Amino acid sequence: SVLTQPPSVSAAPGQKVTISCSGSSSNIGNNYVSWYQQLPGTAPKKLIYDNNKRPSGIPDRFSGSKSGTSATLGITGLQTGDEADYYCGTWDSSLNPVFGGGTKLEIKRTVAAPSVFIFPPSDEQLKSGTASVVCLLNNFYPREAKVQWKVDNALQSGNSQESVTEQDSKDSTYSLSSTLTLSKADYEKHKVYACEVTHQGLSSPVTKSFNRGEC
Amino acid sequence: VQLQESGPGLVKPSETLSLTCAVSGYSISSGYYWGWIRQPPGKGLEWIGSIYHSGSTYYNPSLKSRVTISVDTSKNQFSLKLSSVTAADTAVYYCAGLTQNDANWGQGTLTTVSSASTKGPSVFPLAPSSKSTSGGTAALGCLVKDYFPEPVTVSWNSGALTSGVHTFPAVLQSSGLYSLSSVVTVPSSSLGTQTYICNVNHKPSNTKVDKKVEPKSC
């Protein structure tokens with residue numbers, strides 16, 4: 001990670017983005033610049049080689065240019081499948097491979113309200129002596145979301161962990177999973193377990209809850 | 001032409017990481033070069049080393065004292081040795097090669113360097129019910145809990161089910177163990193009839209679990 005790229009870039013479907021790559025004299029200045037696309041969970045795939053050239057398979061929506069110690073990747077006609085990390089690459093003064101830090105592409109779309117689901121702990125986990133409560137926020141945009149756990153109307157803090165998927169390949173939305181974990185003993189000292197969700201697409205906070213023992 | 005790294009695993013501090021890359025559909029002596037590139041979690045790409053047509057090798061200067069890259073012509077594979085590892089060597093390692101213009105990449109293998117030990121996951125259902133029902137759509141999933149190290153792979157109905165599937169990034173719990181959830185949204189009418197199984201594979205512990213997810217009685 002020697003070359004400099006912007007942390008992220010964003011535009012709407014059908015629009016155009018450009019990702020710059022800033023190096024110096026010894027690398028980008030003297031040598032050819034390559035570009036890669038890395039979809040989440042996959043190996044990097046080359047889009048551009050020798051500053052400007054596309055290998056077979058790569059659509060002409062992708063293009064590249066080089067000017068001094070700076071290179072640029074261009075993506076025209078954005079599609080929802082274009083969400084990925086994009087790296088620039090070249091050779092250093094010793095002709096060894098060097099890469100940029102990467103750039104996250106985010107497709108800008110219309111605001112989407114999250115679907116909220118909640119999952120009581122399973123009997124199998126209960127038998128082991130633990131209770132994990134899961135709250136699902138499905139297919140929303142933008143990314144920001146507030147999830148608050150309430151146990152008998154007591155707000156939980158530092159008691160839960162969440163993670164967010166990468167932007168969906170179809171509708172460019174996000175999903176969020178929050179897990180609240182209690183000991184079996186503590187789980188059986190309370191009745192109402194609730195998940196409270198705040199999002200831009202929600203006129204008011206949505207709450208999903210269950211009582212211990214009804215499932 | 002396909003490249004395939006050895007499966008994901010765990011390496012203790014200060015021992016020697018060993019990886020192999022099986023080349024398929026191409027003789028290994030007919031390539032320009034073969035090499036390794038690693039990528040730390042959430043970070044960019046780092047070149048490790050390459051071995052060339054003649055056998056001449058070039059290594060990353062900051063790693064050169066610990067790196068050995070060799071080629072097994074008979075097995076048609078090439079290797080990577082990295083000794084005296086620390087937690088800073090935790091990364092997805094890719095093998096790559098140029099054959100005859102873009103190189104051929106392996107799919108990558110996550111190597112974790114930690115003084116913690118290997119543990120297979122427990123798989124609990126995220127059972128569907130009225131609580132996970134929104135209109136005509138119902139949500140269900142699997143909770144893959146208490147494993148180490150990463151990664152795990154989750155598929156639904158042996159890959160037959162892919163639409164509406166969301167597998168979330170794992171989280172590191174305070175116990176030092178990972179926990180992961182994988183969900184899918186299906187028609188509410190299917191809950192009674194259609195069978196839903198999440199296929200879980202934790203290669204570092206050689207743990208595989210096929211877990212049926214049945215509706216909850218609320």
# chains A, B, ... in the order shown; residues from 1 in each chain; ligands from 1
$ interface_residues --of "chain B" --to "chain A" --cutoff "9 Å" --atoms "only C-alpha atoms" --output "ChimeraX atom specification"
/B:43-47,49,58-60,94,101-108,122-129,131-134,138-140,143,166-173,181-183,216-218
$ write_last_selection --atoms "C-alpha atoms" --output "JSON list (two decimals), in the first residue's frame"
[["chain", "number", "residue", "atom", "x", "y", "z"],
["B", 43, "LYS", "CA", -6.28, -3.21, 4.22],
["B", 44, "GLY", "CA", -4.69, -3.08, 0.78],
["B", 45, "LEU", "CA", -2.39, -5.35, -1.20],
["B", 46, "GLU", "CA", 1.17, -6.23, -0.24],
["B", 47, "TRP", "CA", 3.55, -7.97, -2.64],
["B", 49, "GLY", "CA", 7.66, -12.31, -3.64],
["B", 58, "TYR", "CA", 12.76, -11.69, -5.82],
["B", 59, "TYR", "CA", 11.33, -10.94, -2.39],
["B", 60, "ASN", "CA", 9.74, -8.00, -0.61],
["B", 94, "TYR", "CA", -3.11, -14.98, -2.76],
["B", 101, "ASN", "CA", -2.44, -9.37, -20.54],
["B", 102, "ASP", "CA", -3.43, -10.17, -16.95],
["B", 103, "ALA", "CA", -2.15, -12.68, -14.41],
["B", 104, "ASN", "CA", -4.04, -15.61, -12.91],
["B", 105, "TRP", "CA", -5.06, -15.19, -9.28],
["B", 106, "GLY", "CA", -5.93, -17.88, -6.77],
["B", 107, "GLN", "CA", -9.03, -17.31, -4.66],
["B", 108, "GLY", "CA", -6.98, -16.51, -1.57],
["B", 122, "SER", "CA", -21.94, -24.23, 17.17],
["B", 123, "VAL", "CA", -24.79, -23.72, 14.71],
["B", 124, "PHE", "CA", -28.12, -22.45, 16.02],
["B", 125, "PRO", "CA", -31.21, -21.66, 13.94],
["B", 126, "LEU", "CA", -32.72, -18.23, 13.48],
["B", 127, "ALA", "CA", -36.20, -19.74, 13.31],
["B", 128, "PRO", "CA", -38.95, -17.91, 11.39],
["B", 129, "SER", "CA", -42.24, -16.88, 13.01],
["B", 131, "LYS", "CA", -41.85, -12.00, 14.78],
["B", 132, "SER", "CA", -39.75, -12.43, 11.64],
["B", 133, "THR", "CA", -42.63, -11.91, 9.21],
["B", 134, "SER", "CA", -43.31, -8.77, 7.19],
["B", 138, "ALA", "CA", -40.61, -14.25, 6.18],
["B", 139, "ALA", "CA", -37.03, -14.12, 7.48],
["B", 140, "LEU", "CA", -34.99, -17.07, 8.72],
["B", 143, "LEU", "CA", -26.36, -18.37, 13.95],
["B", 166, "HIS", "CA", -27.40, -12.21, 3.34],
["B", 167, "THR", "CA", -24.32, -13.53, 5.14],
["B", 168, "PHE", "CA", -23.02, -10.93, 7.58],
["B", 169, "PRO", "CA", -19.40, -10.19, 8.51],
["B", 170, "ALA", "CA", -18.38, -12.06, 11.65],
["B", 171, "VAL", "CA", -17.90, -10.18, 14.90],
["B", 172, "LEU", "CA", -15.20, -10.88, 17.46],
["B", 173, "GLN", "CA", -16.86, -11.50, 20.83],
["B", 181, "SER", "CA", -25.22, -14.76, 11.19],
["B", 182, "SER", "CA", -26.61, -15.72, 7.79],
["B", 183, "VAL", "CA", -30.19, -14.91, 6.82],
["B", 216, "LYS", "CA", -41.05, -21.45, 15.56],
["B", 217, "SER", "CA", -44.25, -22.10, 17.48],
["B", 218, "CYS", "CA", -45.30, -18.67, 18.77]]
$ residues_around --residues "stretch 197-205 of chain B" --least-positions-apart "3" --cutoff "10 Å" --atoms "only C-alpha atoms" --output "PyMOL selection string"
chain B and resi 7-10+110-112+117-123+125+141-144+147-159+161+182-184+194+208-214
$ residues_around --residues "residue A:6" --least-positions-apart "2" --cutoff "8 Å" --atoms "only C-alpha atoms" --output "mmCIF file with N, CA and C atoms, in the first residue's frame"
data_model
loop_
_atom_site.group_PDB
_atom_site.id
_atom_site.type_symbol
_atom_site.label_atom_id
_atom_site.label_comp_id
_atom_site.auth_asym_id
_atom_site.auth_seq_id
_atom_site.Cartn_x
_atom_site.Cartn_y
_atom_site.Cartn_z
ATOM 1 N N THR A 4 -1.453 6.367 -3.390
ATOM 2 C CA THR A 4 -2.542 7.037 -2.683
ATOM 3 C C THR A 4 -3.837 7.081 -3.491
ATOM 4 N N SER A 8 -13.062 6.435 -0.689
ATOM 5 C CA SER A 8 -14.296 6.011 -1.342
ATOM 6 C C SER A 8 -14.777 7.008 -2.390
ATOM 7 N N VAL A 9 -15.655 6.536 -3.271
ATOM 8 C CA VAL A 9 -16.294 7.362 -4.294
ATOM 9 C C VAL A 9 -17.731 6.886 -4.460
ATOM 10 N N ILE A 19 -11.667 7.321 -10.291
ATOM 11 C CA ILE A 19 -10.837 7.040 -9.131
ATOM 12 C C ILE A 19 -9.386 7.367 -9.448
ATOM 13 N N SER A 20 -8.835 8.342 -8.735
ATOM 14 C CA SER A 20 -7.467 8.778 -8.983
ATOM 15 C C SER A 20 -6.471 7.934 -8.201
ATOM 16 N N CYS A 21 -5.257 7.837 -8.728
ATOM 17 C CA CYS A 21 -4.178 7.121 -8.064
ATOM 18 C C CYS A 21 -2.926 7.988 -8.043
ATOM 19 N N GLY A 102 -6.656 1.411 -2.014
ATOM 20 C CA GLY A 102 -7.964 0.960 -2.445
ATOM 21 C C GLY A 102 -9.034 2.028 -2.354
ATOM 22 N N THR A 103 -10.091 1.856 -3.136
ATOM 23 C CA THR A 103 -11.214 2.781 -3.131
ATOM 24 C C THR A 103 -12.535 2.031 -3.186
#
$ closest_residue --among "B:42, B:51, B:162, B:79" --to "residue A:7" --atoms "only C-alpha atoms"
B:42
$ select_by_dssp --residues "stretch 22-188 of chain B" --states "helix (DSSP H, G or I)" --output "list in words"
residues 28, 29, 30, 87, 88, 89, 130, 131, 132, 157, 158, 159 and 188 of chain B
$ write_last_selection --atoms "N, CA, C and O atoms" --output "PDB file, in the first residue's frame"
ATOM      1  N   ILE B  28       3.747 -25.568 -14.849  1.00  0.00           N
ATOM      2  CA  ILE B  28       4.288 -24.492 -14.029  1.00  0.00           C
ATOM      3  C   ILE B  28       5.620 -23.959 -14.565  1.00  0.00           C
ATOM      4  O   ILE B  28       6.053 -22.863 -14.204  1.00  0.00           O
ATOM      5  N   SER B  29       6.262 -24.721 -15.443  1.00  0.00           N
ATOM      6  CA  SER B  29       7.545 -24.305 -15.996  1.00  0.00           C
ATOM      7  C   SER B  29       7.366 -23.437 -17.238  1.00  0.00           C
ATOM      8  O   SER B  29       8.339 -22.937 -17.803  1.00  0.00           O
ATOM      9  N   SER B  30       6.116 -23.252 -17.653  1.00  0.00           N
ATOM     10  CA  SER B  30       5.821 -22.509 -18.872  1.00  0.00           C
ATOM     11  C   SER B  30       5.323 -21.095 -18.587  1.00  0.00           C
ATOM     12  O   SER B  30       4.881 -20.392 -19.496  1.00  0.00           O
ATOM     13  N   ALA B  87       1.495 -11.636  14.741  1.00  0.00           N
ATOM     14  CA  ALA B  87       0.103 -11.311  14.432  1.00  0.00           C
ATOM     15  C   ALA B  87      -0.013 -10.359  13.238  1.00  0.00           C
ATOM     16  O   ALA B  87      -1.067 -10.269  12.607  1.00  0.00           O
ATOM     17  N   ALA B  88       1.074  -9.656  12.933  1.00  0.00           N
ATOM     18  CA  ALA B  88       1.109  -8.735  11.801  1.00  0.00           C
ATOM     19  C   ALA B  88       1.121  -9.482  10.469  1.00  0.00           C
ATOM     20  O   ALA B  88       0.931  -8.884   9.409  1.00  0.00           O
ATOM     21  N   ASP B  89       1.344 -10.790  10.522  1.00  0.00           N
ATOM     22  CA  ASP B  89       1.360 -11.599   9.309  1.00  0.00           C
ATOM     23  C   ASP B  89      -0.021 -12.163   9.000  1.00  0.00           C
ATOM     24  O   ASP B  89      -0.203 -12.860   8.001  1.00  0.00           O
ATOM     25  N   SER B 130     -44.002 -15.263  13.390  1.00  0.00           N
ATOM     26  CA  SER B 130     -44.695 -13.995  13.210  1.00  0.00           C
ATOM     27  C   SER B 130     -43.769 -12.814  13.502  1.00  0.00           C
ATOM     28  O   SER B 130     -43.926 -11.734  12.933  1.00  0.00           O
ATOM     29  N   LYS B 131     -42.798 -13.037  14.384  1.00  0.00           N
ATOM     30  CA  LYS B 131     -41.847 -12.003  14.782  1.00  0.00           C
ATOM     31  C   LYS B 131     -40.849 -11.684  13.672  1.00  0.00           C
ATOM     32  O   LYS B 131     -40.282 -10.589  13.625  1.00  0.00           O
ATOM     33  N   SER B 132     -40.624 -12.650  12.787  1.00  0.00           N
ATOM     34  CA  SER B 132     -39.753 -12.431  11.638  1.00  0.00           C
ATOM     35  C   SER B 132     -40.558 -12.517  10.351  1.00  0.00           C
ATOM     36  O   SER B 132     -40.108 -13.095   9.361  1.00  0.00           O
ATOM     37  N   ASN B 157     -29.336 -24.596   1.222  1.00  0.00           N
ATOM     38  CA  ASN B 157     -29.808 -25.727   0.426  1.00  0.00           C
ATOM     39  C   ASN B 157     -28.775 -26.180  -0.607  1.00  0.00           C
ATOM     40  O   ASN B 157     -29.083 -26.323  -1.787  1.00  0.00           O
ATOM     41  N   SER B 158     -27.547 -26.383  -0.136  1.00  0.00           N
ATOM     42  CA  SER B 158     -26.416 -26.799  -0.963  1.00  0.00           C
ATOM     43  C   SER B 158     -26.218 -25.924  -2.197  1.00  0.00           C
ATOM     44  O   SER B 158     -25.806 -26.413  -3.250  1.00  0.00           O
ATOM     45  N   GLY B 159     -26.505 -24.632  -2.065  1.00  0.00           N
ATOM     46  CA  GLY B 159     -26.273 -23.687  -3.143  1.00  0.00           C
ATOM     47  C   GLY B 159     -27.476 -23.449  -4.034  1.00  0.00           C
ATOM     48  O   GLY B 159     -27.452 -22.576  -4.900  1.00  0.00           O
ATOM     49  N   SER B 188     -43.759 -16.442   3.068  1.00  0.00           N
ATOM     50  CA  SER B 188     -44.298 -16.985   4.312  1.00  0.00           C
ATOM     51  C   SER B 188     -45.030 -18.303   4.080  1.00  0.00           C
ATOM     52  O   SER B 188     -45.133 -19.134   4.981  1.00  0.00           O
TER      53      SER B 188
END
$ atom_distance --atom1 "atom CA of residue A:130" --atom2 "atom CA of residue A:146"
25.3 Å
$ atom_distance --atom1 "atom CA of residue B:92" --atom2 "atom CA of residue B:5"
10.6 Å
$ atom_distance --atom1 "atom CA of residue A:80" --atom2 "atom CA of residue A:144"
19.2 Å
$ closest_residue --among "A:109, A:189, A:199, A:104" --to "residue A:172" --atoms "only C-alpha atoms"
A:109
$ select_by_dssp --residues "stretch 120-175 of chain B" --states "strand (DSSP E)" --output "number ranges by chain"
B: 122-126, 133-134, 137-147, 153-156, 165-167, 171-172
$ write_last_selection --atoms "N, CA and C atoms" --output "CSV table (one decimal), in the first residue's frame"
chain,number,residue,atom,x,y,z
B,122,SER,N,-20.6,-23.7,16.9
B,122,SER,CA,-21.9,-24.2,17.2
B,122,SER,C,-22.9,-23.5,16.2
B,123,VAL,N,-23.8,-24.3,15.7
B,123,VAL,CA,-24.8,-23.7,14.7
B,123,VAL,C,-26.2,-23.8,15.3
B,124,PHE,N,-26.8,-22.6,15.5
B,124,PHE,CA,-28.1,-22.5,16.0
B,124,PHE,C,-29.0,-21.8,15.0
B,125,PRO,N,-30.3,-22.2,14.9
B,125,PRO,CA,-31.2,-21.7,13.9
B,125,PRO,C,-31.7,-20.3,14.3
B,126,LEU,N,-32.0,-19.5,13.3
B,126,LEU,CA,-32.7,-18.2,13.5
B,126,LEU,C,-34.1,-18.5,12.9
B,133,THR,N,-41.8,-11.9,10.4
B,133,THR,CA,-42.6,-11.9,9.2
B,133,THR,C,-43.1,-10.5,8.9
B,134,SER,N,-42.9,-10.1,7.6
B,134,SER,CA,-43.3,-8.8,7.2
B,134,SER,C,-44.1,-8.9,5.9
B,137,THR,N,-43.5,-11.8,3.2
B,137,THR,CA,-42.1,-12.2,3.3
B,137,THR,C,-41.7,-12.6,4.8
B,138,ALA,N,-41.1,-13.8,4.9
B,138,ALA,CA,-40.6,-14.2,6.2
B,138,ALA,C,-39.1,-14.3,6.2
B,139,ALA,N,-38.5,-14.0,7.3
B,139,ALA,CA,-37.0,-14.1,7.5
B,139,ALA,C,-36.6,-15.3,8.4
B,140,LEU,N,-35.6,-16.0,7.9
B,140,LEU,CA,-35.0,-17.1,8.7
B,140,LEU,C,-33.5,-17.1,8.5
B,141,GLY,N,-32.8,-17.8,9.4
B,141,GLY,CA,-31.3,-17.9,9.2
B,141,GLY,C,-30.6,-18.9,10.2
B,142,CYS,N,-29.3,-18.7,10.2
B,142,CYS,CA,-28.5,-19.6,11.1
B,142,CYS,C,-27.5,-18.7,11.8
B,143,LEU,N,-27.3,-19.1,13.1
B,143,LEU,CA,-26.4,-18.4,14.0
B,143,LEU,C,-25.1,-19.2,14.2
B,144,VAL,N,-24.1,-18.9,13.5
B,144,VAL,CA,-22.8,-19.6,13.6
B,144,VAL,C,-21.9,-19.0,14.6
B,145,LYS,N,-21.8,-19.7,15.8
B,145,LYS,CA,-21.3,-19.0,17.0
B,145,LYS,C,-20.1,-19.7,17.6
B,146,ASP,N,-19.2,-18.9,18.2
B,146,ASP,CA,-18.1,-19.4,19.0
B,146,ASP,C,-17.1,-20.2,18.2
B,147,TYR,N,-16.5,-19.6,17.1
B,147,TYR,CA,-15.5,-20.3,16.4
B,147,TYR,C,-14.2,-19.4,16.3
B,153,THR,N,-17.7,-20.5,5.8
B,153,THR,CA,-18.6,-20.4,4.6
B,153,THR,C,-20.0,-20.9,4.9
B,154,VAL,N,-21.0,-20.1,4.5
B,154,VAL,CA,-22.3,-20.6,4.6
B,154,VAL,C,-23.1,-20.6,3.3
B,155,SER,N,-23.7,-21.7,3.0
B,155,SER,CA,-24.6,-21.7,1.8
B,155,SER,C,-26.0,-22.2,2.2
B,156,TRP,N,-27.0,-22.0,1.4
B,156,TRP,CA,-28.3,-22.5,1.7
B,156,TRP,C,-28.8,-23.5,0.7
B,165,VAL,N,-30.3,-14.0,0.0
B,165,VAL,CA,-29.4,-14.4,1.0
B,165,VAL,C,-28.5,-13.3,1.5
B,166,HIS,N,-28.4,-13.1,2.8
B,166,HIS,CA,-27.4,-12.2,3.3
B,166,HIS,C,-26.6,-12.9,4.4
B,167,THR,N,-25.3,-13.0,4.2
B,167,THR,CA,-24.3,-13.5,5.1
B,167,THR,C,-23.5,-12.4,5.7
B,171,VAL,N,-18.4,-11.1,13.9
B,171,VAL,CA,-17.9,-10.2,14.9
B,171,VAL,C,-17.0,-10.9,15.9
B,172,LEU,N,-16.0,-10.3,16.4
B,172,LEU,CA,-15.2,-10.9,17.5
B,172,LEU,C,-15.8,-10.6,18.8
$ decode --residues "stretch 39-64 of chain B" --atoms "N, CA, C and O atoms" --output "PDB file, in the first residue's frame"
ATOM      1  N   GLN B  39      -3.033  -9.698   1.803  1.00  0.00           N
ATOM      2  CA  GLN B  39      -3.894  -8.568   2.111  1.00  0.00           C
ATOM      3  C   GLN B  39      -4.411  -8.653   3.543  1.00  0.00           C
ATOM      4  O   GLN B  39      -5.290  -9.460   3.839  1.00  0.00           O
ATOM      5  N   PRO B  40      -3.853  -7.827   4.440  1.00  0.00           N
ATOM      6  CA  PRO B  40      -4.330  -7.766   5.825  1.00  0.00           C
ATOM      7  C   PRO B  40      -5.804  -7.381   5.883  1.00  0.00           C
ATOM      8  O   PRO B  40      -6.266  -6.657   4.999  1.00  0.00           O
ATOM      9  N   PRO B  41      -6.531  -7.864   6.903  1.00  0.00           N
ATOM     10  CA  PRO B  41      -7.960  -7.570   7.076  1.00  0.00           C
ATOM     11  C   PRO B  41      -8.268  -6.079   6.970  1.00  0.00           C
ATOM     12  O   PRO B  41      -7.694  -5.282   7.713  1.00  0.00           O
ATOM     13  N   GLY B  42      -9.144  -5.713   6.037  1.00  0.00           N
ATOM     14  CA  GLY B  42      -9.542  -4.327   5.849  1.00  0.00           C
ATOM     15  C   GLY B  42      -8.498  -3.427   5.205  1.00  0.00           C
ATOM     16  O   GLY B  42      -8.716  -2.223   5.066  1.00  0.00           O
ATOM     17  N   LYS B  43      -7.367  -4.000   4.806  1.00  0.00           N
ATOM     18  CA  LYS B  43      -6.283  -3.213   4.221  1.00  0.00           C
ATOM     19  C   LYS B  43      -6.049  -3.529   2.746  1.00  0.00           C
ATOM     20  O   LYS B  43      -6.794  -4.296   2.135  1.00  0.00           O
ATOM     21  N   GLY B  44      -5.001  -2.930   2.187  1.00  0.00           N
ATOM     22  CA  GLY B  44      -4.690  -3.075   0.776  1.00  0.00           C
ATOM     23  C   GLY B  44      -3.757  -4.232   0.471  1.00  0.00           C
ATOM     24  O   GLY B  44      -3.522  -5.099   1.311  1.00  0.00           O
ATOM     25  N   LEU B  45      -3.212  -4.236  -0.738  1.00  0.00           N
ATOM     26  CA  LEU B  45      -2.395  -5.349  -1.201  1.00  0.00           C
ATOM     27  C   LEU B  45      -0.916  -5.155  -0.883  1.00  0.00           C
ATOM     28  O   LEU B  45      -0.384  -4.051  -0.988  1.00  0.00           O
ATOM     29  N   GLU B  46      -0.263  -6.238  -0.475  1.00  0.00           N
ATOM     30  CA  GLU B  46       1.171  -6.231  -0.237  1.00  0.00           C
ATOM     31  C   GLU B  46       1.849  -7.355  -1.016  1.00  0.00           C
ATOM     32  O   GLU B  46       1.530  -8.531  -0.836  1.00  0.00           O
ATOM     33  N   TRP B  47       2.780  -6.985  -1.887  1.00  0.00           N
ATOM     34  CA  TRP B  47       3.551  -7.966  -2.636  1.00  0.00           C
ATOM     35  C   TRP B  47       4.556  -8.652  -1.721  1.00  0.00           C
ATOM     36  O   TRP B  47       5.252  -7.996  -0.950  1.00  0.00           O
ATOM     37  N   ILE B  48       4.621  -9.975  -1.804  1.00  0.00           N
ATOM     38  CA  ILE B  48       5.509 -10.744  -0.944  1.00  0.00           C
ATOM     39  C   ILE B  48       6.758 -11.196  -1.689  1.00  0.00           C
ATOM     40  O   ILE B  48       7.880 -10.986  -1.229  1.00  0.00           O
ATOM     41  N   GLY B  49       6.555 -11.820  -2.843  1.00  0.00           N
ATOM     42  CA  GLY B  49       7.664 -12.308  -3.636  1.00  0.00           C
ATOM     43  C   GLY B  49       7.217 -12.951  -4.930  1.00  0.00           C
ATOM     44  O   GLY B  49       6.036 -13.251  -5.115  1.00  0.00           O
ATOM     45  N   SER B  50       8.171 -13.157  -5.828  1.00  0.00           N
ATOM     46  CA  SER B  50       7.919 -13.828  -7.095  1.00  0.00           C
ATOM     47  C   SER B  50       9.083 -14.747  -7.443  1.00  0.00           C
ATOM     48  O   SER B  50      10.222 -14.492  -7.053  1.00  0.00           O
ATOM     49  N   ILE B  51       8.787 -15.820  -8.169  1.00  0.00           N
ATOM     50  CA  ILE B  51       9.825 -16.687  -8.709  1.00  0.00           C
ATOM     51  C   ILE B  51       9.666 -16.726 -10.226  1.00  0.00           C
ATOM     52  O   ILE B  51       8.563 -16.907 -10.741  1.00  0.00           O
ATOM     53  N   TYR B  52      10.769 -16.529 -10.939  1.00  0.00           N
ATOM     54  CA  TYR B  52      10.705 -16.292 -12.378  1.00  0.00           C
ATOM     55  C   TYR B  52      10.970 -17.538 -13.210  1.00  0.00           C
ATOM     56  O   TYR B  52      11.208 -18.621 -12.677  1.00  0.00           O
ATOM     57  N   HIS B  53      10.926 -17.352 -14.526  1.00  0.00           N
ATOM     58  CA  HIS B  53      11.064 -18.427 -15.505  1.00  0.00           C
ATOM     59  C   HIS B  53      12.278 -19.324 -15.258  1.00  0.00           C
ATOM     60  O   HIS B  53      12.190 -20.546 -15.377  1.00  0.00           O
ATOM     61  N   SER B  54      13.404 -18.712 -14.906  1.00  0.00           N
ATOM     62  CA  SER B  54      14.651 -19.443 -14.711  1.00  0.00           C
ATOM     63  C   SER B  54      14.771 -20.046 -13.319  1.00  0.00           C
ATOM     64  O   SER B  54      15.606 -20.919 -13.084  1.00  0.00           O
ATOM     65  N   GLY B  55      13.949 -19.569 -12.394  1.00  0.00           N
ATOM     66  CA  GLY B  55      14.042 -19.996 -11.012  1.00  0.00           C
ATOM     67  C   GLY B  55      14.547 -18.881 -10.117  1.00  0.00           C
ATOM     68  O   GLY B  55      14.547 -19.012  -8.892  1.00  0.00           O
ATOM     69  N   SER B  56      14.977 -17.783 -10.731  1.00  0.00           N
ATOM     70  CA  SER B  56      15.436 -16.616  -9.989  1.00  0.00           C
ATOM     71  C   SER B  56      14.296 -16.028  -9.163  1.00  0.00           C
ATOM     72  O   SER B  56      13.178 -15.880  -9.652  1.00  0.00           O
ATOM     73  N   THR B  57      14.590 -15.689  -7.913  1.00  0.00           N
ATOM     74  CA  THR B  57      13.563 -15.218  -6.992  1.00  0.00           C
ATOM     75  C   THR B  57      13.795 -13.784  -6.528  1.00  0.00           C
ATOM     76  O   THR B  57      14.935 -13.354  -6.326  1.00  0.00           O
ATOM     77  N   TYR B  58      12.704 -13.045  -6.367  1.00  0.00           N
ATOM     78  CA  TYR B  58      12.759 -11.694  -5.824  1.00  0.00           C
ATOM     79  C   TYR B  58      11.733 -11.551  -4.712  1.00  0.00           C
ATOM     80  O   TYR B  58      10.571 -11.915  -4.883  1.00  0.00           O
ATOM     81  N   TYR B  59      12.173 -11.029  -3.573  1.00  0.00           N
ATOM     82  CA  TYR B  59      11.326 -10.944  -2.391  1.00  0.00           C
ATOM     83  C   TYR B  59      11.111  -9.504  -1.947  1.00  0.00           C
ATOM     84  O   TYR B  59      11.940  -8.630  -2.211  1.00  0.00           O
ATOM     85  N   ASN B  60       9.991  -9.269  -1.269  1.00  0.00           N
ATOM     86  CA  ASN B  60       9.740  -7.996  -0.608  1.00  0.00           C
ATOM     87  C   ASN B  60      10.854  -7.725   0.396  1.00  0.00           C
ATOM     88  O   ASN B  60      11.057  -8.508   1.323  1.00  0.00           O
ATOM     89  N   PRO B  61      11.592  -6.621   0.199  1.00  0.00           N
ATOM     90  CA  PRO B  61      12.755  -6.250   1.015  1.00  0.00           C
ATOM     91  C   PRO B  61      12.504  -6.277   2.528  1.00  0.00           C
ATOM     92  O   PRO B  61      13.385  -6.696   3.280  1.00  0.00           O
ATOM     93  N   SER B  62      11.327  -5.849   2.971  1.00  0.00           N
ATOM     94  CA  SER B  62      11.033  -5.839   4.402  1.00  0.00           C
ATOM     95  C   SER B  62      10.676  -7.231   4.919  1.00  0.00           C
ATOM     96  O   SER B  62      10.514  -7.428   6.122  1.00  0.00           O
ATOM     97  N   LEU B  63      10.564  -8.194   4.010  1.00  0.00           N
ATOM     98  CA  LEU B  63      10.201  -9.560   4.377  1.00  0.00           C
ATOM     99  C   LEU B  63      11.253 -10.581   3.945  1.00  0.00           C
ATOM    100  O   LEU B  63      11.156 -11.760   4.294  1.00  0.00           O
ATOM    101  N   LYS B  64      12.255 -10.118   3.200  1.00  0.00           N
ATOM    102  CA  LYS B  64      13.197 -11.002   2.507  1.00  0.00           C
ATOM    103  C   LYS B  64      13.871 -12.040   3.406  1.00  0.00           C
ATOM    104  O   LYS B  64      14.143 -13.159   2.973  1.00  0.00           O
TER     105      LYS B  64
END
